[PDB]
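We place every Cβ from the backbone using ideal geometry, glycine too, and count neighbours over all the protein chains shown. Bear in mind that the values in this text are calculations on the coordinates, not laboratory data.
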Amino acid sequence: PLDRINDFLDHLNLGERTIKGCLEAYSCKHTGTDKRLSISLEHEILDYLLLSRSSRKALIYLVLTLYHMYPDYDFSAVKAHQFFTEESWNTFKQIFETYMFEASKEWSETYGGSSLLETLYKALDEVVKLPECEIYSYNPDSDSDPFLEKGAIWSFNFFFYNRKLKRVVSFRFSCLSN
């Protein structure tokens with residue numbers, strides 16, 4: 001399902017610049033390492049007392065997904081509470097049509113049928129119920145954060161979270177010069 005998109009955006013070259021895209025699906029666990037991590041994270045963020053309180057829950061799982069992508073990095077519930085921002089589908093749509101327009105044009109010239117945004121909407125909707133989702137963007141400070149590659153022209157990290165399903169899908173896409 002996700003594989004067609006990830007293959008399309010697996011180092012997609014547009015002559016001089018390259019677009020990188022990665023979709024990942026995650027089912028949140030409440031057993032084993034993640035349970036202990038969740039306890040530690042919620043203790044860090046409660047002891048510390050930009051997301052609001054209505055996303056205080058999602059924050060935990062968000063950091064968990066971060067650990068699943070880079071398990072050797074010292075992520076923090078406080079700085080992640082700072083770096084995560086809840087977004088709307090409309091904002092993500094505008095970002096996608098503005099930044100991934102060349103990729104959507106190359107998609108339409110290669111596949112007759114659904115556009116790239118349509119296919120993305122269908123895959124995201126299959127994994128997490130998009131009308132019921134909460135959307136987040138991860139925007140860290142330093143280049144040391146593994147979600148910010150030094151030298152990239154632009155980089156986006158989106159997370160689609162479903163509370164009733166306890167599921168998170170990560171969409172990463174950046175552009176690089178050669």
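Scanning the stretch 15-70 for residues that are in a helix (DSSP H, G or I) and among the polar types (S, T, N, Q) gives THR33, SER38, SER40, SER54, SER55, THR65.
What do you reckon, is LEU9 in contact with a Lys or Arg (Cβ under 7 Å, 6 or more places away or on another chain), crowded, with 17+ Cβ neighbours inside 10 Å and of a type in the set (A, V, I, L, M, F, W, C)? Yes; evaluated as a whole, the condition is true for this residue. When the stretch 121-131 is filtered for residues that are more than 16 Å from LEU64 (Cβ to Cβ) and not in a helix (DSSP H, G or I), only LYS129 remains. Beta carbons closer than 8 Å, at least 6 apart along the sequence or on distinct chains, pair a first residue in the stretch 155-178 that is more than 30 Å from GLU16 (Cα to Cα) with a second that is of a type in the set (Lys, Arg) and in a loop (DSSP other than H, G, I, E, B) for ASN162/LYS129; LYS164/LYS129; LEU165/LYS129.
Evaluate the stretch 132-154: report whether one residue or more is over 12 Å from the mean Cα position of the chain (by Cα) and in a strand (DSSP E or B). Yes: one or more hits.
For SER174, state whether it is in a strand (DSSP E or B), under 17 Å from the mean Cα position of the chain (by Cα), of a type in the set (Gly, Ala, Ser) and closer than 27 Å to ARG56 by Cα. So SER174 does not fit the description; no. Selection of first residues in the stretch 136-148 that are of a type in the set (A, V, I, L, M) and of second residues that are outside any loop (DSSP other than H, G, I, E, B), restricted to Cβ pairs under 8 Å at least 6 apart or on distinct chains, gives the following pairs, ordered by first then second residue: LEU148/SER155.
Exactly one residue among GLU132, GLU126, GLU102 is among the charged types (D, E, K, R) and closer than 16 Å to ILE19 by Cβ, and that residue is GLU102. Residues in the stretch 126-162 that are touching an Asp or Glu at 6+ places or on another chain (Cβ under 7 Å), under 23 Å from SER52 (Cβ atoms) and of a type outside the set (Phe, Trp, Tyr): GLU134, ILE135, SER137, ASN162. Taking the conditions exactly as written (more than 23 Å from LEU37 (Cα to Cα), in a loop (DSSP other than H, G, I, E, B) and not polar (S, T, N, Q)), does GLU118 satisfy them or not? No: the conditions fail for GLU118.
The residue list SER155, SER177, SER104 contains one member that is more than 27 Å from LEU41 (Cβ to Cβ), surrounded by 16 or more Cβ atoms within 10 Å (Cβ to Cβ) and polar (S, T, N, Q), which is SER104.
The numbered conditions (1) of a type in the set (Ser, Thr, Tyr); (2) assigned to a loop (DSSP other than H, G, I, E, B); (3) more than 22 Å from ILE5 (Cα to Cα) are all true for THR110 except (3).
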